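Next up is one chain by itself, shown in structure tokens, the form deposited in one PDB entry.
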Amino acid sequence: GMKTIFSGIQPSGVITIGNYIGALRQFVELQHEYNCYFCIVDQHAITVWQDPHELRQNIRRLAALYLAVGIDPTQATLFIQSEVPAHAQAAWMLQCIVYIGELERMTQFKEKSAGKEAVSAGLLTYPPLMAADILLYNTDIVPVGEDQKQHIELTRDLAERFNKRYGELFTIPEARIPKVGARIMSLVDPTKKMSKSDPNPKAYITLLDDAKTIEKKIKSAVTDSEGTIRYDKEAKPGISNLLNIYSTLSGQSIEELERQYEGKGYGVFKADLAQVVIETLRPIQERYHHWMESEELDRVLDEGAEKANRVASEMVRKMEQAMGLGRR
């Protein structure tokens, strides 16, 4: 049969052009060639503080945006993580498989915890939850951005450990990281990736930003003083990132854009890029407002959770049977 895809996005804010370019844009292509599960992973979002009203709102917005960008609910399964208890069940079992040392050495943990104050346990232990998200659906392929590469590697290790300790049950999944746009950088700090939970809203463009806002954010994007538009990731990380965004959203190659802007300044380059982004987001936002106004949004998520529960609950039964939990 068809190979299986699973991917998740946190409702920790409104998704960014980084999320779009790095992941969501490819979901829309993949849905026709694979058995696809695309998840709103709200249990991942609460690994740090979320205002309850904002979280509820962002869950619905993410669902609407999934559909607005062109995911077809008849070709892919769209659902909310917490509405499928199997994810928490399998997460616990995999927490008993993973070693503490493996979690502590994770790059993303050591980064998000540096400055600690106090760190929730969830921030340390979300990787086995992610592994459960993937392994529950006998997933073959996991489309993600570059920053999730190590997490997929851990998932593969956990799957193999379980398989050899108890018996062959899990498919060993493989990451699919796009050749371009797998790490869109922050607009205000071109050495960090763009993150939808950045405390500085200028760092990112959300798919729901209006024209004025996008113009402002691109205008204030950090650049060098050299005044020349060419790609150089080491010497010109800001302009390089903007070129990468321009390129993947316009269809023009970086090399083509360099020529188009030969003898031109950053001012006109930024003004142009803003409009490219705006025109890209325009049809997305129109369809988004449609979904936010309808009961059909809830019906899609209802049906998706129904489907996901049937598949995931069966895998939980098999996992329990392998470990000896519960009863025959």
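Basically, rigid core = biggest C-alpha set you can superpose within 1.5 Å across the two forms. Numbering starts at 1 and follows the sequence shown.
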Please compare 89-97 with 109-117 and say which has the higher mean C-alpha temperature factor in the record. 109-117
Averaged over C-alpha atoms, is the B-factor higher for 40-48 or for 66-74 in this PDB entry? 66-74
Which is it among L208, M130, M185, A235: the one with the largest CA B-factor in the entry? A235
Reading the B-factor column for Cα atoms of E215, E258, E83, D140, the highest value belongs to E258
Ranked against its chain, the third holding the CA B-factor of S294: highest
Once the chain's modelled residues are ordered by C-alpha B factor and cut into thirds, is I134 in the lowest, middle or highest one? lowest
Comparing against every modelled residue in the chain, figure out the third that the C-alpha B-factor of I278 lands in (lowest, middle or highest). middle
Once the chain's modelled residues are ordered by C-alpha B factor and cut into thirds, is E286 in the lowest, middle or highest one? middle
What third of its chain's C-alpha B-factors does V268 belong to: lowest, middle or highest? highest
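What follows is about the form deposited in another entry, which we do not show.
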With the two forms fitted on the rigid core, I'd like to know which residue in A271, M292, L55, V48 is displaced by 2 angstroms or more at its CA between this form and the one not shown. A271
Compare the position of the CA of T223 between this form and the one not shown after a rigid core fit and state whether the shift reaches 2 Å. yes
Superposing on the rigid core, is the CA of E33 displaced by 2 Å or more between this form and the one not shown? no
Any chance the CA of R156 moves 2 angstroms or more between this form and the one not shown, core superposed? no
